[PDB]
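In structure tokens, the next block holds one chain alone, the form deposited in one PDB entry.
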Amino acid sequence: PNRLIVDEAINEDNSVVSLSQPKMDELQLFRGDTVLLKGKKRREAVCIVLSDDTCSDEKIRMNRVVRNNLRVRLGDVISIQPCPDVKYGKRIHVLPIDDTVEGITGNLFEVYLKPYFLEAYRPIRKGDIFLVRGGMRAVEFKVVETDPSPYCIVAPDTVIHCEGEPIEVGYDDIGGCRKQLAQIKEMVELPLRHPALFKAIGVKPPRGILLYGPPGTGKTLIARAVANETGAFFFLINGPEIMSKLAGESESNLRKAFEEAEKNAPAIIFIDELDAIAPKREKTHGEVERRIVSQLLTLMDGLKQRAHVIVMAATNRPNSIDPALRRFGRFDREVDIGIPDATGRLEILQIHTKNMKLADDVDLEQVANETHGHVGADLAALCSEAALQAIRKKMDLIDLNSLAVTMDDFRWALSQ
């Protein structure tokens, strides 16, 4: 209910997240309310909430600064809750990210921090990374210490302090597709284990592999387990995140990936959501479409027959891909990752129950027998839902340590 789907910000201020008014009614939240947001890797953020007409009810708009702070991507899920008692900080300790101040000199407070905090009453959290644009260069800063202990509102009396400059998966975690896993393991073994045997043998190595499927089939898991277990560097590109950037910010992203894939070769570059980058758009005379596909086809034709860099990309719509990708032996292999059958679900459920103490009465095959249109992502959620119901049961035993999960807990999860 307070779980929301991360969407792009139109309100590109650091301190502002946006929900729909119907959602804001269901949580009894008002404009200008300080809210606490929870994301992945135990990361938290403090924002002001606002209305936005152009926003699906299940989603939250938040800029790239906050998304990085929450360690979350577009399409991921965060929690939101009211944060009423944020007091005014007395003094904050703030430094700049060295990546961003290299080769600049000047009064960092006069150029950046003063006009950023000035009469804004910003909420800040220890460990935040914030970007301040303007000033011939955008510098990113970090909150190392607050005067309230966590949390603070940077009010005029708050004093600012600035000195210095700061800076494994595997095959046994993949179930339900023991076939397609071997088919990728095989496309990739020779080019990542024995690259030079391709000039010698005289054969053209794979450069791109398309993984087809619906969301949740585990296509990112497959790719990362192939990279960790053949000894390959792994570089993830998220389709909508790179597209969210300015052309030029993304061009720098895309280059960096191939730069690092060759600096660390053998490497696998993985492109989640290929059709965010390379749609089957029409083509007319205009300045208005950015030429990211061409950058990508240029970087991939430039890898040539070295075979130490393989590029995998996944999509939910194969007939929706720019045909240029499938020519000149760029993307000329494709494996399909579907819903698992009954045996596949059971495979997945043993993987997700791996570090959960299971009751004697647990029949994981019955759970499997009743999970049809389910993909691995839904089977994962079903297990955590069951362990959550186990925790809520020990929670009710305050009627006056660890946990144990029963088939009733699963029966609760199968009924949402």
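We number the residues from 1 along the sequence you see. Rigid core (definition): largest C-alpha set, two forms, superposition within 1.5 Å.
Coordinates are lacking for 10 or more deposited residues between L400 and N401. In terms of unmodelled positions of the deposited sequence, the stretch from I167 to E168 in this entry skips 10 or more residues. 280-288 and 119-127 differ in mean CA B-factor, and the higher of the two is recorded for 280-288. Taking the mean C-alpha B-factor of each stretch as recorded, 177-185 and 207-215 are not equal, and the higher mean is that of 177-185. Within the listed group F198, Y112, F270, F331, the record reports its top CA B-factor for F198. If you compare the C-alpha temperature factors of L346, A155, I97, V143 in the entry, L346 comes out highest. Per the deposited record, the Cα B-factor of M356 falls in the highest third when ranked against the other modelled residues of its chain. The PDB entry assigns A413 a C-alpha temperature factor belonging to the middle third of its chain's modelled residues. When the CA B factors of the chain's modelled residues are split into thirds, the value for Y171 lands in the highest one. When the modelled residues of the chain are ordered by their C-alpha B factor, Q21 lands in the middle third. Annotation for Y88: C-alpha temperature factor in the middle third relative to the rest of the modelled chain, per the entry.
In what follows, reference is made to the form deposited in another entry, a form of this protein that is not presented.
Superposition on the rigid core between the shown form and the other one places the CA atom of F235 less than 2 Å from its counterpart. In the core-superposed comparison between the shown form and the other one, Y112 has its Cα shifted by at least 2 Å. After superposing the rigid core, the Cα of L27 is displaced by 2 Å or more between the shown form and the other one. Compared with the form shown here, the Cα atoms of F198 and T230 move at least 3 Å closer together in the other form. Relative to this conformation, a decrease of 3 Å or more in the Cα-Cα distance between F198 and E229 is found in the other form.
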